[PDB]
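Shown below, as structure tokens, is a lone chain in the form deposited in one PDB entry; questions about how it binds or moves come after it.
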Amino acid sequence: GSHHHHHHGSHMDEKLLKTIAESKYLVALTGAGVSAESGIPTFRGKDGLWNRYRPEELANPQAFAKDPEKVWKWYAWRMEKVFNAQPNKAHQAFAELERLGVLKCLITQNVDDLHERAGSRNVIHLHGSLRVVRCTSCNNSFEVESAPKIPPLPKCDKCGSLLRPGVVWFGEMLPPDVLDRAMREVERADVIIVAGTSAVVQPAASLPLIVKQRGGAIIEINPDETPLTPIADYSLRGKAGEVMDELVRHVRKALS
């Protein structure tokens, strides 16, 4: 509260750089903001296509069950834009930090494939991916090179059923193995960069808490303050592209 202020560093000072450079097991958690600079806007409450629905009204199993064509029209639109988008400076910076051996694992809530395309090897998709198309009925699953044309609904060539985007919607359990991996990674982390996320959607929002409780540091990068700020050792108000870019440069120099 106003009588319970917790203060955090707000600059790229030497202590911050020292915390990242000297970390023994640094990980990252990214949200949609990390791709905003690649041409993929955060939804800010509107579906972005028809602009009459909150995203949650479409990224939902009930909604999909009720109107597969509408939900698929939305995802094919998202897919095409993501597939044609390019990794930004943030994506590249995360890949770089991993190349440098500092970043151990990147957990992302994003369903885009920009971290991979930037070169990040160790990525956990907490909420699935737009690259994956899977069956609603059997276990058939595969990756696509392009968005499907939705005049006809995509159907599984194994069981004939309706295929769906390989993402996790609200009301759906995350894949157990994926969740397990994410937990073990943060239970192992001494430092965590949390960039481009509103820090409200669970359980992703809680991952930084685990690092915190085990004595690790939290480094938040967001142009906005979030429910996580009060517990962040550092909260930097800026775009992930500019901030991560500056961050990796300095870490790069100091790491030599």
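Only residues modelled in both forms are compared. If you superpose the two forms and keep the largest set of C-alpha atoms that fall within 1.5 Å, you have the rigid core. Start at 1 with the first residue shown and count on from there.
We do not show the form deposited in another entry, though everything after this point is about it.
Of the candidates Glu57, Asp224, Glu69, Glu187, the Cα that moves 2 angstroms or more after core superposition between this form and the one not shown belongs to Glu57 alone.
Once both forms are fitted on their rigid core, the CA atom of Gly45 lies 2 Å or more apart between this form and the one not shown.
Closer approach of the C-alpha atoms of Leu49 and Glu37, by 3 angstroms or more, is seen in that other deposited form than in the present form. In that other deposited form, the CA atoms of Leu49 and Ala147 sit farther apart than in the displayed form, by at least 3 angstroms. Listed alone, the one run of 3 or more residues present in both forms whose C-alphas shift by at least 2 angstroms between this form and the one not shown, with the core superposed, is 43 to 57.
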